[PDB]
>>> print(open('work_25.pdb').read())   # PDB, C-alpha atoms
MODEL        1
ATOM      1  CA  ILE Q   7      -3.782   4.667  -8.459
ATOM      2  CA  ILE Q   8      -6.432   3.855  -5.751
ATOM      3  CA  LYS Q   9      -8.365   0.913  -7.230
ATOM      4  CA  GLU Q  10     -11.882  -0.138  -6.129
ATOM      5  CA  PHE Q  11     -10.091  -2.943  -4.283
ATOM      6  CA  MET Q  12      -6.823  -2.277  -2.342
ATOM      7  CA  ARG Q  13      -4.635  -4.346   0.006
ATOM      8  CA  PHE Q  14      -2.492  -2.768   2.758
ATOM      9  CA  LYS Q  15       0.413  -3.987   4.961
ATOM     10  CA  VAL Q  16       0.797  -2.491   8.482
ATOM     11  CA  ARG Q  17       3.607  -2.547  11.089
ATOM     12  CA  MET Q  18       3.254  -1.085  14.612
ATOM     13  CA  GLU Q  19       6.003  -0.525  17.199
ATOM     14  CA  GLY Q  20       4.422   0.297  20.598
ATOM     15  CA  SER Q  21       4.684   0.432  24.365
ATOM     16  CA  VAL Q  22       1.753   0.671  26.825
ATOM     17  CA  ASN Q  23       2.613   1.559  30.482
ATOM     18  CA  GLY Q  24       6.240   0.550  29.573
ATOM     19  CA  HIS Q  25       5.327  -2.865  27.957
ATOM     20  CA  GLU Q  26       7.037  -2.978  24.502
ATOM     21  CA  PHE Q  27       5.490  -4.898  21.541
ATOM     22  CA  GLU Q  28       5.503  -5.168  17.717
ATOM     23  CA  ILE Q  29       2.456  -5.910  15.530
ATOM     24  CA  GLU Q  30       2.347  -6.952  11.851
ATOM     25  CA  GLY Q  31      -0.855  -7.038   9.814
ATOM     26  CA  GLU Q  32      -2.432  -7.438   6.403
ATOM     27  CA  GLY Q  33      -5.649  -5.631   5.410
ATOM     28  CA  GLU Q  34      -7.985  -5.348   2.408
ATOM     29  CA  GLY Q  35     -11.152  -3.569   1.316
ATOM     30  CA  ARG Q  36     -13.084  -1.332  -1.056
ATOM     31  CA  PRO Q  37     -11.867   2.292  -0.556
ATOM     32  CA  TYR Q  38     -14.851   3.979  -2.408
ATOM     33  CA  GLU Q  39     -17.446   1.780  -0.580
ATOM     34  CA  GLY Q  40     -15.990   2.538   2.893
ATOM     35  CA  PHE Q  41     -15.282  -0.939   4.274
ATOM     36  CA  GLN Q  42     -12.141  -2.937   5.057
ATOM     37  CA  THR Q  43     -10.887  -5.906   7.110
ATOM     38  CA  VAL Q  44      -7.475  -6.444   8.739
ATOM     39  CA  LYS Q  45      -5.672  -9.341  10.434
ATOM     40  CA  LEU Q  46      -2.980  -8.468  13.055
ATOM     41  CA  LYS Q  47      -0.384 -10.646  14.847
ATOM     42  CA  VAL Q  48       1.560  -9.626  17.985
ATOM     43  CA  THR Q  49       5.003 -10.574  16.629
ATOM     44  CA  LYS Q  50       6.972  -9.402  19.751
ATOM     45  CA  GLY Q  51       6.029  -8.921  23.466
ATOM     46  CA  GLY Q  52       2.838 -11.014  23.248
ATOM     47  CA  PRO Q  53       0.590 -11.805  24.975
ATOM     48  CA  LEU Q  54      -0.166  -8.090  25.583
ATOM     49  CA  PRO Q  55      -0.900  -7.424  29.291
ATOM     50  CA  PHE Q  56      -3.616  -4.832  28.336
ATOM     51  CA  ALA Q  57      -6.947  -4.393  26.439
ATOM     52  CA  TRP Q  58      -6.715  -4.800  22.602
ATOM     53  CA  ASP Q  59      -9.474  -2.174  22.164
ATOM     54  CA  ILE Q  60      -6.918   0.705  22.791
ATOM     55  CA  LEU Q  61      -4.983  -0.543  19.676
ATOM     56  CA  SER Q  62      -8.058  -1.285  17.387
ATOM     57  CA  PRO Q  63      -8.421   2.327  16.056
ATOM     58  CA  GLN Q  64      -4.714   2.490  14.914
ATOM     59  CA  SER Q  69      -6.913   3.346   7.474
ATOM     60  CA  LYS Q  70      -8.623   6.566   6.251
ATOM     61  CA  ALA Q  71      -8.100   5.952   2.467
ATOM     62  CA  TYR Q  72     -11.170   3.605   2.921
ATOM     63  CA  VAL Q  73     -13.815   6.171   3.826
ATOM     64  CA  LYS Q  74     -16.862   6.456   1.512
ATOM     65  CA  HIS Q  75     -17.206  10.145   0.395
ATOM     66  CA  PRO Q  76     -20.124  11.775  -1.493
ATOM     67  CA  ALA Q  77     -18.949  13.480  -4.739
ATOM     68  CA  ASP Q  78     -19.239  17.035  -3.201
ATOM     69  CA  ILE Q  79     -16.834  16.374  -0.202
ATOM     70  CA  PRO Q  80     -13.203  16.334  -1.488
ATOM     71  CA  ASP Q  81     -11.636  12.947  -0.491
ATOM     72  CA  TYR Q  82      -8.454  14.637   0.761
ATOM     73  CA  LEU Q  83      -6.723  11.477   2.067
ATOM     74  CA  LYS Q  84      -7.379   9.546  -1.236
ATOM     75  CA  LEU Q  85      -6.111  12.581  -3.264
ATOM     76  CA  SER Q  86      -2.814  12.457  -1.167
ATOM     77  CA  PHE Q  87      -1.721   9.233  -2.997
ATOM     78  CA  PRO Q  88       0.540   7.930  -4.324
ATOM     79  CA  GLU Q  89       2.846   9.859  -1.914
ATOM     80  CA  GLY Q  90       0.193   9.547   0.830
ATOM     81  CA  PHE Q  91      -0.297  11.153   4.260
ATOM     82  CA  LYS Q  92       0.755  11.132   7.928
ATOM     83  CA  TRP Q  93      -1.483  11.134  10.970
ATOM     84  CA  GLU Q  94      -0.899  12.129  14.608
ATOM     85  CA  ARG Q  95      -3.304  11.155  17.378
ATOM     86  CA  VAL Q  96      -3.752  11.894  21.088
ATOM     87  CA  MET Q  97      -6.206   9.758  23.073
ATOM     88  CA  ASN Q  98      -7.090  11.169  26.556
ATOM     89  CA  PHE Q  99      -8.907   8.411  28.507
ATOM     90  CA  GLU Q 100     -11.288   9.294  31.444
ATOM     91  CA  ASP Q 101      -8.987   7.676  34.130
ATOM     92  CA  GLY Q 102      -5.908   9.603  32.924
ATOM     93  CA  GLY Q 103      -4.586   7.019  30.443
ATOM     94  CA  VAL Q 104      -2.867   8.688  27.446
ATOM     95  CA  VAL Q 105      -2.129   7.186  23.998
ATOM     96  CA  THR Q 106      -0.009   9.119  21.419
ATOM     97  CA  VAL Q 107       0.232   7.724  17.873
ATOM     98  CA  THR Q 108       2.108   8.739  14.711
ATOM     99  CA  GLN Q 109       1.460   7.045  11.381
ATOM    100  CA  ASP Q 110       2.843   7.152   7.820
ATOM    101  CA  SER Q 111       0.611   5.967   4.907
ATOM    102  CA  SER Q 112       2.141   5.433   1.431
ATOM    103  CA  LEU Q 113       1.382   3.393  -1.767
ATOM    104  CA  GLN Q 114       4.101   0.959  -2.948
ATOM    105  CA  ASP Q 115       3.715  -1.709  -5.624
ATOM    106  CA  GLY Q 116      -0.130  -1.157  -5.842
ATOM    107  CA  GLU Q 117      -0.744  -1.697  -2.034
ATOM    108  CA  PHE Q 118      -0.986   0.765   0.918
ATOM    109  CA  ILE Q 119       1.964   0.665   3.399
ATOM    110  CA  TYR Q 120       1.231   1.774   7.017
ATOM    111  CA  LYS Q 121       3.973   2.425   9.620
ATOM    112  CA  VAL Q 122       2.604   3.102  13.163
ATOM    113  CA  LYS Q 123       4.425   4.092  16.378
ATOM    114  CA  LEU Q 124       2.333   4.163  19.579
ATOM    115  CA  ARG Q 125       2.949   5.111  23.246
ATOM    116  CA  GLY Q 126       0.364   4.522  25.990
ATOM    117  CA  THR Q 127       1.148   5.699  29.549
ATOM    118  CA  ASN Q 128      -0.552   6.433  32.880
ATOM    119  CA  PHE Q 129      -3.236   3.659  32.659
ATOM    120  CA  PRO Q 130      -4.066   2.750  36.287
ATOM    121  CA  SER Q 131      -2.695  -0.788  37.043
ATOM    122  CA  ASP Q 132      -6.256  -1.603  38.412
ATOM    123  CA  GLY Q 133      -8.131   0.204  35.532
ATOM    124  CA  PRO Q 134     -10.149  -1.464  32.691
ATOM    125  CA  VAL Q 135      -7.244  -1.237  30.194
ATOM    126  CA  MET Q 136      -4.525  -2.990  32.271
ATOM    127  CA  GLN Q 137      -7.221  -5.413  33.671
ATOM    128  CA  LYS Q 138      -8.722  -6.184  30.170
ATOM    129  CA  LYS Q 139     -12.356  -5.281  31.124
ATOM    130  CA  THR Q 140     -13.278  -3.804  27.676
ATOM    131  CA  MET Q 141     -15.379  -5.660  25.013
ATOM    132  CA  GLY Q 142     -14.958  -3.526  21.852
ATOM    133  CA  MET Q 143     -16.248   0.004  21.135
ATOM    134  CA  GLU Q 144     -19.546   1.597  20.086
ATOM    135  CA  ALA Q 145     -20.046   3.106  16.629
ATOM    136  CA  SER Q 146     -18.730   6.705  16.557
ATOM    137  CA  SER Q 147     -19.039   9.890  14.479
ATOM    138  CA  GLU Q 148     -15.648  11.572  13.899
ATOM    139  CA  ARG Q 149     -16.021  15.339  13.357
ATOM    140  CA  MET Q 150     -13.688  16.366  10.466
ATOM    141  CA  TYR Q 151     -12.633  20.045   9.926
ATOM    142  CA  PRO Q 152      -9.757  21.692   7.980
ATOM    143  CA  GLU Q 153      -7.291  23.791  10.032
ATOM    144  CA  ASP Q 154      -3.666  25.019   9.479
ATOM    145  CA  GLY Q 155      -3.580  23.396   5.951
ATOM    146  CA  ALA Q 156      -4.401  19.883   7.381
ATOM    147  CA  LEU Q 157      -7.529  17.750   8.075
ATOM    148  CA  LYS Q 158      -8.412  17.365  11.822
ATOM    149  CA  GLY Q 159     -10.860  14.870  13.417
ATOM    150  CA  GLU Q 160     -12.285  14.871  16.993
ATOM    151  CA  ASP Q 161     -14.182  11.856  18.432
ATOM    152  CA  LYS Q 162     -15.264  10.420  21.786
ATOM    153  CA  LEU Q 163     -14.585   6.701  21.675
ATOM    154  CA  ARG Q 164     -16.805   4.647  24.026
ATOM    155  CA  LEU Q 165     -15.171   1.330  24.999
ATOM    156  CA  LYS Q 166     -17.659  -1.310  26.228
ATOM    157  CA  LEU Q 167     -17.091  -2.475  29.859
ATOM    158  CA  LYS Q 168     -17.898  -6.220  30.487
ATOM    159  CA  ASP Q 169     -19.987  -5.381  33.585
ATOM    160  CA  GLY Q 170     -22.059  -2.656  31.802
ATOM    161  CA  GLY Q 171     -21.540   0.996  30.861
ATOM    162  CA  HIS Q 172     -18.545   2.537  29.047
ATOM    163  CA  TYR Q 173     -14.887   3.637  29.355
ATOM    164  CA  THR Q 174     -14.345   6.835  27.306
ATOM    165  CA  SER Q 175     -11.435   8.611  25.488
ATOM    166  CA  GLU Q 176     -11.298  12.100  23.889
ATOM    167  CA  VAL Q 177      -9.469  11.547  20.566
ATOM    168  CA  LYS Q 178      -7.956  14.307  18.442
ATOM    169  CA  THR Q 179      -6.253  13.381  15.180
ATOM    170  CA  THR Q 180      -4.421  15.413  12.492
ATOM    171  CA  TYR Q 181      -4.287  13.898   8.927
ATOM    172  CA  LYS Q 182      -1.863  15.768   6.610
ATOM    173  CA  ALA Q 183      -1.205  14.947   2.915
ATOM    174  CA  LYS Q 184       2.536  14.901   2.012
ATOM    175  CA  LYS Q 185       1.685  17.277  -0.948
ATOM    176  CA  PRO Q 186      -0.941  20.099  -0.989
ATOM    177  CA  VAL Q 187      -4.262  18.469  -2.034
ATOM    178  CA  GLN Q 188      -7.827  19.938  -1.823
ATOM    179  CA  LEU Q 189      -9.156  20.099   1.772
ATOM    180  CA  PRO Q 190     -12.909  19.604   2.306
ATOM    181  CA  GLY Q 191     -15.126  21.831   4.479
ATOM    182  CA  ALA Q 192     -16.252  20.532   7.913
ATOM    183  CA  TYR Q 193     -18.154  17.187   7.753
ATOM    184  CA  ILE Q 194     -18.927  13.989   9.803
ATOM    185  CA  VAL Q 195     -17.728  10.362   9.325
ATOM    186  CA  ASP Q 196     -19.898   7.585  10.879
ATOM    187  CA  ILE Q 197     -17.598   4.691  11.847
ATOM    188  CA  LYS Q 198     -18.189   1.144  13.115
ATOM    189  CA  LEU Q 199     -15.079  -0.830  14.079
ATOM    190  CA  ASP Q 200     -15.809  -4.534  14.926
ATOM    191  CA  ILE Q 201     -13.392  -7.176  16.295
ATOM    192  CA  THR Q 202     -14.709 -10.123  14.196
ATOM    193  CA  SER Q 203     -12.284 -12.752  15.575
ATOM    194  CA  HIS Q 204      -9.287 -13.408  17.956
ATOM    195  CA  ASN Q 205      -7.317 -16.283  19.562
ATOM    196  CA  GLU Q 206      -7.611 -16.630  23.409
ATOM    197  CA  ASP Q 207      -4.702 -14.245  24.361
ATOM    198  CA  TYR Q 208      -5.418 -11.651  21.533
ATOM    199  CA  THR Q 209      -1.989 -12.276  19.842
ATOM    200  CA  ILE Q 210      -4.023 -12.775  16.599
ATOM    201  CA  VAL Q 211      -7.014 -10.428  15.962
ATOM    202  CA  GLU Q 212      -9.284  -9.696  12.944
ATOM    203  CA  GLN Q 213     -11.134  -6.328  12.614
ATOM    204  CA  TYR Q 214     -13.844  -5.043  10.276
ATOM    205  CA  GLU Q 215     -14.309  -1.262   9.825
ATOM    206  CA  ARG Q 216     -17.029   0.612   7.917
ATOM    207  CA  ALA Q 217     -16.701   4.421   7.473
ATOM    208  CA  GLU Q 218     -19.015   6.794   5.598
ATOM    209  CA  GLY Q 219     -18.640  10.551   5.290
ATOM    210  CA  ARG Q 220     -21.731  12.844   5.261
ATOM    211  CA  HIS Q 221     -22.569  16.562   5.752
ATOM    212  CA  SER Q 222     -23.130  17.769   9.392
TER     213      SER Q 222
ENDMDL
END
>>> encode(input="work_25.pdb", output="structure tokens")
Amino acid sequence: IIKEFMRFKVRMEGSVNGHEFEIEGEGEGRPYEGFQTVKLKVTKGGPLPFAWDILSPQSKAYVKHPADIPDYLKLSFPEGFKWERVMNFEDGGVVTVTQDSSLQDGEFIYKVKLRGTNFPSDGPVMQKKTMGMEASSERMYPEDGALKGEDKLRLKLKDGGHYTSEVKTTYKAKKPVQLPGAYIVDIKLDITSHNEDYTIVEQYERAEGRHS
């Protein structure tokens, strides 16, 4: 069902500090090799009056797993999985995300709903002072019959130093599938291209699981 090459289609409905938008995208990659690319367009409420980098992390079927760590999110398909995310930014900004992943007609289908609130109007998010994020290591652990990740995402500030978020995510297969033990996923998300007002953006992600 999950081929060595897979396309996906994504739709996001979102608001950030009350600004409503829609995003449509098309992605592709090699699920077993742990890389993928995606192209997004802001179809409604563009240009976005806030930093793209808060939306960049909103595709876990494309993580490279060694043979001895069960690839829980791949084993969910074809029915697929849901994920729920809370991002607690250092200046009090909050992002909540829910996501449905499924497999239709040989491609992944992603539906995302996002709410950001409480970003300071003078902060780096509403003032677009971020230039992408550092590589991260998401700590994965099973709990309550689901897979959980925690990370600390480090957004790059133009003038030097970082703007940080605590991120907790829950990934749950729609049908009981084998959960792994606790492990680590090294991730690098790159914005590879964008038009001037970030209404069109291209992103490259690499993700590899490994033991602690």
>>> residues_near_point(input="work_25.pdb", point="(-18.5, -1.6, 1.8)", cutoff="12 Å", atoms="all atoms listed in the file", output="PyMOL selection string")
chain Q and resi 10-11+34-43+72-75+197-198+214-218
>>> residues_around(input="work_25.pdb", residues="residue 16 in chain Q", least_positions_apart="3", cutoff="7 Å", atoms="only C-alpha atoms", output="PDB file with C-alpha atoms, in the frame of the given file")
ATOM      1  CA  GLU Q  30       2.347  -6.952  11.851  1.00  0.00           C
ATOM      2  CA  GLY Q  31      -0.855  -7.038   9.814  1.00  0.00           C
ATOM      3  CA  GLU Q  32      -2.432  -7.438   6.403  1.00  0.00           C
ATOM      4  CA  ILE Q 119       1.964   0.665   3.399  1.00  0.00           C
ATOM      5  CA  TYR Q 120       1.231   1.774   7.017  1.00  0.00           C
ATOM      6  CA  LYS Q 121       3.973   2.425   9.620  1.00  0.00           C
TER       7      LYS Q 121
END
>>> atom_distance(input="work_25.pdb", atom1="CA of residue 178 in chain Q", atom2="CA of residue 95 in chain Q")
5.7 Å
>>> resolve_selection(input="work_25.pdb", expression="the PyMOL selection byres ((chain Q and resi 64-70) around 9)", output="PDB file with C-alpha atoms, keeping the file's coordinate frame")
ATOM      1  CA  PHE Q  14      -2.492  -2.768   2.758  1.00  0.00           C
ATOM      2  CA  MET Q  18       3.254  -1.085  14.612  1.00  0.00           C
ATOM      3  CA  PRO Q  37     -11.867   2.292  -0.556  1.00  0.00           C
ATOM      4  CA  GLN Q  42     -12.141  -2.937   5.057  1.00  0.00           C
ATOM      5  CA  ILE Q  60      -6.918   0.705  22.791  1.00  0.00           C
ATOM      6  CA  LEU Q  61      -4.983  -0.543  19.676  1.00  0.00           C
ATOM      7  CA  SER Q  62      -8.058  -1.285  17.387  1.00  0.00           C
ATOM      8  CA  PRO Q  63      -8.421   2.327  16.056  1.00  0.00           C
ATOM      9  CA  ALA Q  71      -8.100   5.952   2.467  1.00  0.00           C
ATOM     10  CA  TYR Q  72     -11.170   3.605   2.921  1.00  0.00           C
ATOM     11  CA  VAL Q  73     -13.815   6.171   3.826  1.00  0.00           C
ATOM     12  CA  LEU Q  83      -6.723  11.477   2.067  1.00  0.00           C
ATOM     13  CA  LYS Q  84      -7.379   9.546  -1.236  1.00  0.00           C
ATOM     14  CA  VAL Q 107       0.232   7.724  17.873  1.00  0.00           C
ATOM     15  CA  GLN Q 109       1.460   7.045  11.381  1.00  0.00           C
ATOM     16  CA  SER Q 111       0.611   5.967   4.907  1.00  0.00           C
ATOM     17  CA  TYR Q 120       1.231   1.774   7.017  1.00  0.00           C
ATOM     18  CA  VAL Q 122       2.604   3.102  13.163  1.00  0.00           C
ATOM     19  CA  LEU Q 124       2.333   4.163  19.579  1.00  0.00           C
ATOM     20  CA  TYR Q 181      -4.287  13.898   8.927  1.00  0.00           C
ATOM     21  CA  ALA Q 217     -16.701   4.421   7.473  1.00  0.00           C
TER      22      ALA Q 217
END
>>> closest_residue(input="work_25.pdb", among="Q:129, Q:151, Q:99, Q:82", to="residue 187 in chain Q", atoms="only C-alpha atoms")
Q:82
>>> resolve_selection(input="work_25.pdb", expression="the PyMOL selection byres ((chain Q and resi 58) around 10)", output="PDB file with C-alpha atoms, keeping the file's coordinate frame")
ATOM      1  CA  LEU Q  54      -0.166  -8.090  25.583  1.00  0.00           C
ATOM      2  CA  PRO Q  55      -0.900  -7.424  29.291  1.00  0.00           C
ATOM      3  CA  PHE Q  56      -3.616  -4.832  28.336  1.00  0.00           C
ATOM      4  CA  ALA Q  57      -6.947  -4.393  26.439  1.00  0.00           C
ATOM      5  CA  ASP Q  59      -9.474  -2.174  22.164  1.00  0.00           C
ATOM      6  CA  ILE Q  60      -6.918   0.705  22.791  1.00  0.00           C
ATOM      7  CA  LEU Q  61      -4.983  -0.543  19.676  1.00  0.00           C
ATOM      8  CA  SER Q  62      -8.058  -1.285  17.387  1.00  0.00           C
ATOM      9  CA  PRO Q  63      -8.421   2.327  16.056  1.00  0.00           C
ATOM     10  CA  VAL Q 135      -7.244  -1.237  30.194  1.00  0.00           C
ATOM     11  CA  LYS Q 138      -8.722  -6.184  30.170  1.00  0.00           C
ATOM     12  CA  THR Q 140     -13.278  -3.804  27.676  1.00  0.00           C
ATOM     13  CA  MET Q 141     -15.379  -5.660  25.013  1.00  0.00           C
ATOM     14  CA  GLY Q 142     -14.958  -3.526  21.852  1.00  0.00           C
ATOM     15  CA  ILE Q 201     -13.392  -7.176  16.295  1.00  0.00           C
ATOM     16  CA  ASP Q 207      -4.702 -14.245  24.361  1.00  0.00           C
ATOM     17  CA  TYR Q 208      -5.418 -11.651  21.533  1.00  0.00           C
ATOM     18  CA  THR Q 209      -1.989 -12.276  19.842  1.00  0.00           C
ATOM     19  CA  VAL Q 211      -7.014 -10.428  15.962  1.00  0.00           C
TER      20      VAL Q 211
END
>>> atom_distance(input="work_25.pdb", atom1="CA of residue 148 in chain Q", atom2="CA of residue 177 in chain Q")
9.1 Å
>>> resolve_selection(input="work_25.pdb", expression="the PyMOL selection byres ((chain Q and resi 24) around 9)", output="NGL selection string")
:Q and (21-23 or 25-26 or 125-127)
>>> write_last_selection(input="work_25.pdb", atoms="C-alpha atoms", output="PDB file, in the coordinates of the input")
ATOM      1  CA  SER Q  21       4.684   0.432  24.365  1.00  0.00           C
ATOM      2  CA  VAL Q  22       1.753   0.671  26.825  1.00  0.00           C
ATOM      3  CA  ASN Q  23       2.613   1.559  30.482  1.00  0.00           C
ATOM      4  CA  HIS Q  25       5.327  -2.865  27.957  1.00  0.00           C
ATOM      5  CA  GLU Q  26       7.037  -2.978  24.502  1.00  0.00           C
ATOM      6  CA  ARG Q 125       2.949   5.111  23.246  1.00  0.00           C
ATOM      7  CA  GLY Q 126       0.364   4.522  25.990  1.00  0.00           C
ATOM      8  CA  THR Q 127       1.148   5.699  29.549  1.00  0.00           C
TER       9      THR Q 127
END
>>> closest_residue(input="work_25.pdb", among="Q:105, Q:163, Q:96, Q:85", to="residue 188 in chain Q", atoms="all atoms listed in the file")
Q:85
>>> closest_residue(input="work_25.pdb", among="Q:28, Q:200, Q:176, Q:212", to="residue 106 in chain Q", atoms="only C-alpha atoms")
Q:176
>>> build_atoms(input="work_25.pdb", residues="range 124-139 of chain Q", atoms="N, CA, C and O atoms", output="compact mmCIF listing (two decimals), in the frame of the given file")
# COMPACT_ATOMS: atom_id res chain seq x y z
N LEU Q 124 3.37 3.87 18.55
CA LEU Q 124 2.33 4.16 19.58
C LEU Q 124 2.96 4.16 20.96
O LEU Q 124 3.81 3.27 21.23
N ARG Q 125 2.56 5.10 21.82
CA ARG Q 125 2.95 5.11 23.25
C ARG Q 125 1.71 5.34 24.10
O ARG Q 125 1.12 6.43 24.00
N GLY Q 126 1.34 4.35 24.90
CA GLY Q 126 0.36 4.52 25.99
C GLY Q 126 1.04 4.62 27.34
O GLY Q 126 2.04 3.92 27.56
N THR Q 127 0.55 5.48 28.22
CA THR Q 127 1.15 5.70 29.55
C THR Q 127 0.03 6.04 30.51
O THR Q 127 -1.04 6.54 30.04
N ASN Q 128 0.30 5.88 31.80
CA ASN Q 128 -0.55 6.43 32.88
C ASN Q 128 -1.91 5.72 32.96
O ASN Q 128 -2.84 6.31 33.58
N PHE Q 129 -2.04 4.52 32.38
CA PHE Q 129 -3.24 3.66 32.66
C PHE Q 129 -3.13 3.17 34.09
O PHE Q 129 -2.07 2.71 34.50
N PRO Q 130 -4.17 3.29 34.93
CA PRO Q 130 -4.07 2.75 36.29
C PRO Q 130 -3.85 1.23 36.23
O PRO Q 130 -4.48 0.56 35.38
N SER Q 131 -2.98 0.67 37.08
CA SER Q 131 -2.70 -0.79 37.04
C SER Q 131 -3.99 -1.58 37.32
O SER Q 131 -4.10 -2.69 36.82
N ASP Q 132 -4.96 -0.98 38.03
CA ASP Q 132 -6.26 -1.60 38.41
C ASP Q 132 -7.39 -1.17 37.48
O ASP Q 132 -8.51 -1.67 37.71
N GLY Q 133 -7.12 -0.33 36.46
CA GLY Q 133 -8.13 0.20 35.53
C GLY Q 133 -8.55 -0.82 34.46
O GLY Q 133 -7.97 -1.90 34.34
N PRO Q 134 -9.62 -0.52 33.68
CA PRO Q 134 -10.15 -1.46 32.69
C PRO Q 134 -9.21 -1.80 31.54
O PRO Q 134 -9.35 -2.84 30.93
N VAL Q 135 -8.21 -0.97 31.29
CA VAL Q 135 -7.24 -1.24 30.19
C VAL Q 135 -6.23 -2.28 30.64
O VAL Q 135 -6.02 -3.28 29.89
N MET Q 136 -5.56 -2.05 31.78
CA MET Q 136 -4.53 -2.99 32.27
C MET Q 136 -5.21 -4.25 32.81
O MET Q 136 -4.51 -5.24 32.94
N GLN Q 137 -6.51 -4.21 33.12
CA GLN Q 137 -7.22 -5.41 33.67
C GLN Q 137 -8.09 -6.08 32.60
O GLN Q 137 -8.74 -7.09 32.93
N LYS Q 138 -8.07 -5.57 31.35
CA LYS Q 138 -8.72 -6.18 30.17
C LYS Q 138 -10.22 -6.37 30.43
O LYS Q 138 -10.73 -7.49 30.28
N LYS Q 139 -10.90 -5.28 30.77
CA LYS Q 139 -12.36 -5.28 31.12
C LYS Q 139 -13.17 -4.62 29.99
O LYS Q 139 -14.34 -4.26 30.20
